[PDB]
Every structure is written in structure tokens, then in C-alpha cells.
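Here's the structure we're looking at; comments come further down.
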Amino acid sequence: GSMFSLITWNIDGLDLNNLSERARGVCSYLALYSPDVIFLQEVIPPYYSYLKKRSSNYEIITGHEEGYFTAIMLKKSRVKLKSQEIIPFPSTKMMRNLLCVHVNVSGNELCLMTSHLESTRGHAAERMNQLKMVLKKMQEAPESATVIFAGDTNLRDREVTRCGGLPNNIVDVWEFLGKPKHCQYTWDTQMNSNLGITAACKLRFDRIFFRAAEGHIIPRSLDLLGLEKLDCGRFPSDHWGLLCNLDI
Amino acid sequence: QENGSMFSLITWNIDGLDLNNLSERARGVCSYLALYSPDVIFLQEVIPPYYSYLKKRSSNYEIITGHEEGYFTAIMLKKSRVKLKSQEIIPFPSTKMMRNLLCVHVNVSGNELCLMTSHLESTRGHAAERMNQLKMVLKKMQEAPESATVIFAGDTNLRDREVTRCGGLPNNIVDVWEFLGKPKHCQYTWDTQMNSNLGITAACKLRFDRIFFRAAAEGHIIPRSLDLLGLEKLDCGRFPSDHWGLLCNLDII
DNA sequence: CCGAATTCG
DNA sequence: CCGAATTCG
């Protein structure tokens with residue numbers, strides 16, 4: 001049974017409002033799909049301890065040891081960990097950083113990366129500085145390994161071109177899949193009301209970039225999750241979760 | 001010969017929005033205006049009560065207003081020294097603070113002048129728009145009739161960088177401060193170190209208030225001096241305004 | 001009326 | 001945490 005699946009999701013652990021409850025919901029999803037790899041953003045130590053407790057069949061790597069951070073969970077026995085690298089962005093004022101990881105999935109060498117770039121419009125420029133730094137690390141990544149980035153970019157479709165666009169070797173999976181109609185937005189204030197705001201904003205914050213080495217791994221599917229409201233009256237998060245299926 | 005070809009003007013953002021100790025600072029400002037008694041006075045951020053009070057004290061001046069309501073700018077002209085030919089008001093099509101260019105055409109002993117004042121869009125956030133106004137002002141200085149002397153004087157809310165960003169001043173238009181070799185005392189018209197009226201703890205030194213100049217023929221009128229006023233805190237406990245008043249002396253053939 | 005940090009909507 | 005409008009010192 002050779003196949004590979006990942007999930008990226010900004011769970012927003014800063015929104016203490018019904019936090020543990022939303023946590024149990026998120027973990028319900030994670031257990032349901034049981035992907036080989038999971039990317040998370042805005043996670044805090046209690047949330048972390050809970051994740052470590054419940055999902056025990058995963059090796060968990062954190063971007064930080066305190067405050068809020070990102071995290072990469074790896075299914076043990078299915079994913080062997082080769083290394084982990086943490087690179088802080090030198091210009092951050094929000095403690096952000098690029099969390100890289102290198103793993104081995106049944107012979108196939110992988111390079112997984114996650115990040116939570118500088119938030120808000122006012123720091124767009126800074127965000128761009130981070131983005132390039134991310135992109136350059138994907139190409140500079142070993143020619144022998146297949147590179148996969150997945151995270152909360154906090155970007156606009158225009159801004160990506162504004163930075164100078166993707167390299168000819170790196171591609172966003174959403175674009176690669178012909179721009180599916182259902183996956184168009186990962187941050188929708190019309191559908192999600194967790195932050196309690198009266199505006200209609202539909203932005204594709206969470207993105208997955210891909211760089212095959214000849215390619216051995218093909219990205220098959222892309223779907224959203226966390227589309228339903230919990231019993232607490234709220235969604236698990238303001239961002240929608242993103243599952244991706246791949247095959248060898 | 002009380003006035004030997006001398007000419008004096010005053011521009012000042014009196015800030016009528018700072019109601020804190022307003023009337024007393026107003027009588028102070030009028031104390032200044034009466035003291036120097038310039039031929040022309042440019043004022044910014046003035047409100048209707050302030051206007052009526054100015055009408056009372058400075059009664060030897062014909063007063064023109066940029067607006068009838070809210071806050072606005074005003075041009076006072078000493079009658080018997082200045083004959084008023086016309087007045088024109090041009091709103092910025094892109095303004096969002098009801099700002100506008102207040103032009104006036106007058107005659108001083110044969111020499112025809114075109115005086116202009118404005119209070120451009122405030123804050124850093126509207127810098128681009130501010131630039132749009134500045135050029136629009138500059139071009140109106142360009143478009144202004146030949147043979148006549150053009151003088152702008154107002155609260156530009158500008159930094160030295162922003163002026164260059166627009167493409168720089170036209171070769172015929174000159175900042176008076178720059179024209180005087182950029183004196184150290186006229187360096188700032190908004191200094192939070194020295195002025196504390198809005199009660200702020202920051203060290204901000206900006207030259208907001210500016211005077212632009214354009215003789216058209218060789219120059220017949222030359223700006224002689226440039227000085228600040230409102231340099232002392234009043235007995236009321238405040239400065240006349242957060243902005244420093246700006247007096248300018250000039251001379252003609 | 002600075003300018004970054006709340007608040008409002 | 002959108003994005004334009006207060007607030008503090």
C-alpha cells in the first residue's frame with residue numbers, strides 16, 4: 001500500500017475562546033484521515049501537550065518551545081526522520097521562522113517545509129522578504145530529494161507575482177491541479193465567523209508548493225477539511241484545513 | 001515712507017481642532033498678528049468662532065475663507081495696502097478631508113500677485129494623495145498668469161524626500177527656506193521637543209509649513225527674511241498652536 | 001496630528 | 001486577523 005498524504009492547517013491556538021474543545025475537534029479530523037504528515041500553525045504549549053498525548057503514533061517537531069509556533073507531525077513506521085532544520089527569519093518582529101525537515105518515505109527521499117509568515121497587510125514587504133527566503137531554500141534543497149512546502153503564507157495572488165513569481169521548478173499544487181473550484185479559498189469570513197467580523201473576505205492563505213527531483217511522486221488530490229461547526233457553536237478554526245493526496 | 005517697498009506675510013496652522021485652551025491661544029495669535037501687522041496672512045485649520053473673532057480684532061483686513069463650515073483655511077488681506085482682484089477655490093478631486101486650494105489674485109502698488117494657500121492631506125497614510133495635491137498645486141503655480149508673482153504658503157505636511165519623489169520643484173518655483181540657504185532656525189515648523197500643545201512624548205522635528213515662490217517675467221520681487229513666531233508659551237500655559245507661525249519678509253523694485 | 005497599539009465595524 | 005478610523009503619550 002504505497003501512497004502519501006499530508007495536511008496543513010492554521011488551527012489558531014491564540015483564540016482561547018473554546019480552545020480545548022476546538023482542539024478535540026481538530027484531533028478528531030487528524031485521527032479520521034490519519035495522514036503521513038501534518039503541518040500546523042499558531043500552536044501553543046497546552047495544545048502541543050494535548051497533540052503529543054493523543055496522536056502518539058506521530059513524531060512531532062516544533063518551530064518553537066514557547067509562545068506560539070508551527071509544527072510538523074510524522075507518522076512513525078511509515079515515515080523515517082532523516083533530519084530537522086530550524087531557520088529564523090532575520091527580519092521578523094513576530095518571532096516567525098522556517099521549519100524545514102528531511103524524511104524518508106519507503107525509499108523516496110522527501111523535504112518537508114512549513115512556515116507562518118508575517119501577518120497583516122502593513123508588513124506585506126517583510127512577508128515578501130520571507131517568501132523569497134522560503135523559495136530559495138526549496139531550490140537550494142538537495143537535487144536528490146523531493147521538496148514539499150505547506151503553510152500559512154498570508155498572501156494575495158498578486159503579491160506572489162509581485163515578489164517575482166515562482167521558479168520554473170517550483171509549483172503551487174492548487175495551480176497544478178487546474179485551479180479547483182472548491183479549494184479556491186482557505187480563509188473565508190463569509191463561511192467562517194470565528195473571529196466575529198462583518199466583512200466578506202475570501203483569501204487563499206494556506207498554500208502547498210512542490211518540487212520533484214525526474215519525479216517519482218505525483219500529487220493526486222487536494223481537498224478542504226474542518227468545514228463543519230462544532231457543538232460549541234464555532235468552527236475548529238478561522239482557517240480551513242487542507243488535505244493533499246499523492247502516489248508513487 | 002512707512003513701507004519702503006517692504007512686504008510681509010504670515011502663514012500659520014493655528015490648529016482650531018485643539019479646543020484645549022483655544023480662545024486664549026486665539027487672542028495670543030491675534031496679539032501676534034496685530035503686533036507684526038503683515039500685508040497678507042495665511043491661516044489653516046480655522047473654525048467659524050475663530051473666524052468671527054478674527055473679524056472682530058483684525059478688522060483692517062478683508063478675509064477670504066476656504067469653507068463656510070467645518071474646518072478650513074483663510075486668507076486675510078490688509079485693506080489700504082492690498083486691492084483684491086479675485087478669489088478662486090479649487091477642491092482636490094481626490095480629497096477625502098474636504099481639503100482644497102485657496103487661490104486669490106490681488107494688486108500691490110502696480111505689482112500683481114497671485115496668493116495661494118492649502119492644508120494638504122494629513123498623516124503618512126495619504127502621502128501618495130498628498131503628492132497628487134502638491135503637483136496639482138505646483139501646476140497651478142505654473143498655470144498661473146505670467147507677469148504676476150505667485151506665492152503659495154501653507155501647511156504642506158511634507159518631508160524633503162516627498163518633494164523629490166514628485167519629480168522635484170519646477171525650475172521657476174522655489175522653496176523660500178531653501179532659497180535662504182536652509183537656515184537652522186527655520187528648520188522645523190512642527191517640533192514636538194519644543195512644542196507640547198497636543199501633549200505628546202515623541203521627538204518629532206518636521207517642516208510641515210512651507211512657502212513656494214514664482215516670479216515671472218527675471219525676478220522683480222525678492223524674499224528678504226524668514227522667521228518663526230509663537231516661540232514662547234503663553235500665560236494660559238500653552239503655545240498658540242502645535243505648529244510654529246511663519247513670517248516672511250520680501251521686497252520689490 | 002506622530003505612529004504604533006486598540007477599537008469599530 | 002480584513003482594513004479603514006481612534007487613541008496615548
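Here, A, B, ... name the chains of the C-alpha cells in the order displayed, residue numbers run from 1 inside each chain, and ligands are numbered from 1 in the same displayed order.
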
Contacts of residue 1 of chain C within 9 Å, only C-alpha atoms (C1' of nucleotides), excl. fewer than 3 positions in-chain, as a ChimeraX atom specification:
/B:122-123,198,242

List every residue of chain B that has an atom at most 10 Å from any atom of chain D, and for each one report the closest atom pair and its distance in Å to one decimal, counting only C-alpha atoms (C1' of nucleotides), with rows sorted by chain and then by increasing residue number, as a Markdown table.
| residue | atom | partner | partner_atom | distance |
| --- | --- | --- | --- | --- |
| B:198 | CA | D:9 | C1' | 9.6 |
| B:199 | CA | D:9 | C1' | 7.1 |
| B:200 | CA | D:9 | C1' | 5.0 |
| B:201 | CA | D:9 | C1' | 5.0 |
| B:202 | CA | D:9 | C1' | 7.7 |

Export of prior selection with C-alpha atoms as a PDB file, in the first residue's frame:
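For reference, selection16.pdb as written:
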ATOM      1  CA  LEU B 198      -1.179  68.249  21.889  1.00  0.00           C
ATOM      2  CA  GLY B 199       0.744  66.699  24.789  1.00  0.00           C
ATOM      3  CA  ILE B 200       2.986  64.205  23.013  1.00  0.00           C
ATOM      4  CA  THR B 201       6.096  62.340  24.162  1.00  0.00           C
ATOM      5  CA  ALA B 202       7.984  61.994  20.905  1.00  0.00           C
TER       6      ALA B 202
END

Among segment 153-205 of chain B, which residues carry a DSSP assignment of helix (DSSP H, G or I), reported as a count of residues only?
10

Give the residues of chain A that lie within 12 Å of chain C; count only C-alpha atoms (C1' of nucleotides), and format the answer as number ranges by chain.
A: 122, 196-199

Those selected residues, please, written with C-alpha atoms and delivered as a compact mmCIF listing (two decimals), in the first residue's frame.
# COMPACT_ATOMS: atom_id res chain seq x y z
CA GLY A 122 1.03 46.52 6.97
CA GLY A 196 -16.64 37.69 14.63
CA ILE A 197 -16.13 40.21 11.82
CA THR A 198 -18.62 41.71 9.36
CA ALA A 199 -16.72 41.57 6.08

Which residues come within 8 Å of segment 212-220 of chain B, counting only C-alpha atoms (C1' of nucleotides), excluding same-chain residues fewer than 4 positions away, as a list in words?
residues 141, 146, 147, 148, 149, 150, 151, 152, 153, 172, 173, 174, 175, 176, 252 and 253 of chain B

Residue selection dump (N, CA, C and O atoms) as an mmCIF file, in the first residue's frame:
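Written out: selection-v6.cif:
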data_model
loop_
_atom_site.group_PDB
_atom_site.id
_atom_site.type_symbol
_atom_site.label_atom_id
_atom_site.label_comp_id
_atom_site.auth_asym_id
_atom_site.auth_seq_id
_atom_site.Cartn_x
_atom_site.Cartn_y
_atom_site.Cartn_z
ATOM 1 N N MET B 141 0.562 76.811 -9.941
ATOM 2 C CA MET B 141 1.561 77.861 -9.831
ATOM 3 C C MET B 141 2.154 78.074 -11.217
ATOM 4 O O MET B 141 2.478 79.197 -11.599
ATOM 5 N N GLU B 146 1.268 84.785 -16.306
ATOM 6 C CA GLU B 146 2.581 85.416 -16.377
ATOM 7 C C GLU B 146 2.483 86.859 -15.892
ATOM 8 O O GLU B 146 1.388 87.349 -15.608
ATOM 9 N N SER B 147 3.629 87.531 -15.786
ATOM 10 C CA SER B 147 3.702 88.912 -15.291
ATOM 11 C C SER B 147 3.337 89.048 -13.811
ATOM 12 O O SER B 147 3.736 90.013 -13.158
ATOM 13 N N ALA B 148 2.581 88.090 -13.284
ATOM 14 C CA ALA B 148 2.135 88.147 -11.899
ATOM 15 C C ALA B 148 3.030 87.286 -11.014
ATOM 16 O O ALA B 148 3.511 86.234 -11.435
ATOM 17 N N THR B 149 3.243 87.734 -9.783
ATOM 18 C CA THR B 149 4.045 86.982 -8.828
ATOM 19 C C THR B 149 3.205 85.951 -8.089
ATOM 20 O O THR B 149 2.175 86.283 -7.501
ATOM 21 N N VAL B 150 3.649 84.700 -8.113
ATOM 22 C CA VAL B 150 2.890 83.637 -7.474
ATOM 23 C C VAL B 150 3.518 83.281 -6.139
ATOM 24 O O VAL B 150 4.720 83.041 -6.050
ATOM 25 N N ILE B 151 2.697 83.251 -5.098
ATOM 26 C CA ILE B 151 3.162 82.859 -3.779
ATOM 27 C C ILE B 151 2.218 81.851 -3.149
ATOM 28 O O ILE B 151 1.038 82.134 -2.947
ATOM 29 N N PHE B 152 2.741 80.670 -2.849
ATOM 30 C CA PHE B 152 1.985 79.706 -2.071
ATOM 31 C C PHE B 152 2.545 79.719 -0.661
ATOM 32 O O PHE B 152 3.742 79.904 -0.466
ATOM 33 N N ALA B 153 1.676 79.542 0.322
ATOM 34 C CA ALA B 153 2.107 79.478 1.709
ATOM 35 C C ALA B 153 1.077 78.694 2.495
ATOM 36 O O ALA B 153 -0.065 79.132 2.638
ATOM 37 N N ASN B 172 11.237 77.143 -11.951
ATOM 38 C CA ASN B 172 10.832 78.516 -11.671
ATOM 39 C C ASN B 172 10.250 78.654 -10.265
ATOM 40 O O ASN B 172 10.130 79.762 -9.742
ATOM 41 N N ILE B 173 9.891 77.524 -9.659
ATOM 42 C CA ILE B 173 9.314 77.520 -8.316
ATOM 43 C C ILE B 173 10.387 77.186 -7.288
ATOM 44 O O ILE B 173 11.146 76.233 -7.459
ATOM 45 N N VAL B 174 10.438 77.967 -6.212
ATOM 46 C CA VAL B 174 11.467 77.796 -5.192
ATOM 47 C C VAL B 174 10.889 77.835 -3.780
ATOM 48 O O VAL B 174 10.029 78.662 -3.474
ATOM 49 N N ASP B 175 11.366 76.937 -2.924
ATOM 50 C CA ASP B 175 11.028 76.970 -1.509
ATOM 51 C C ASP B 175 11.839 78.100 -0.891
ATOM 52 O O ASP B 175 13.046 78.189 -1.108
ATOM 53 N N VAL B 176 11.179 78.958 -0.120
ATOM 54 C CA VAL B 176 11.843 80.120 0.465
ATOM 55 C C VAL B 176 12.927 79.702 1.457
ATOM 56 O O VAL B 176 13.991 80.322 1.525
ATOM 57 N N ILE B 252 10.361 94.469 -3.342
ATOM 58 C CA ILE B 252 10.111 94.600 -4.774
ATOM 59 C C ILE B 252 10.842 95.837 -5.309
ATOM 60 O O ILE B 252 11.237 96.707 -4.532
ATOM 61 N N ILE B 253 11.039 95.897 -6.625
ATOM 62 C CA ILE B 253 11.648 97.053 -7.284
ATOM 63 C C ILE B 253 10.986 98.366 -6.876
ATOM 64 O O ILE B 253 9.787 98.557 -7.073
#

What's around residue 145 of chain A at 8 Å? Count only C-alpha atoms (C1' of nucleotides), leave out sequence neighbours fewer than 4 positions away in its own chain, and write the answer as an mmCIF file with C-alpha atoms, in the first residue's frame.
data_model
loop_
_atom_site.group_PDB
_atom_site.id
_atom_site.type_symbol
_atom_site.label_atom_id
_atom_site.label_comp_id
_atom_site.auth_asym_id
_atom_site.auth_seq_id
_atom_site.Cartn_x
_atom_site.Cartn_y
_atom_site.Cartn_z
ATOM 1 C CA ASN A 108 11.515 8.121 -1.553
ATOM 2 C CA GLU A 109 13.570 10.992 -0.129
ATOM 3 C CA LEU A 110 11.443 13.956 0.968
ATOM 4 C CA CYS A 111 11.996 17.526 2.156
ATOM 5 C CA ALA A 141 17.391 21.910 -1.271
ATOM 6 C CA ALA A 212 10.161 16.955 -7.710
ATOM 7 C CA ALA A 213 13.777 15.853 -8.126
#

Which residues, written as number ranges by chain, have at least one atom at most 8 Å from residue 150 of chain A, with only C-alpha atoms (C1' of nucleotides) counted and residues fewer than 6 positions away on the same chain left out?
A: 8, 39, 112-115, 206-209
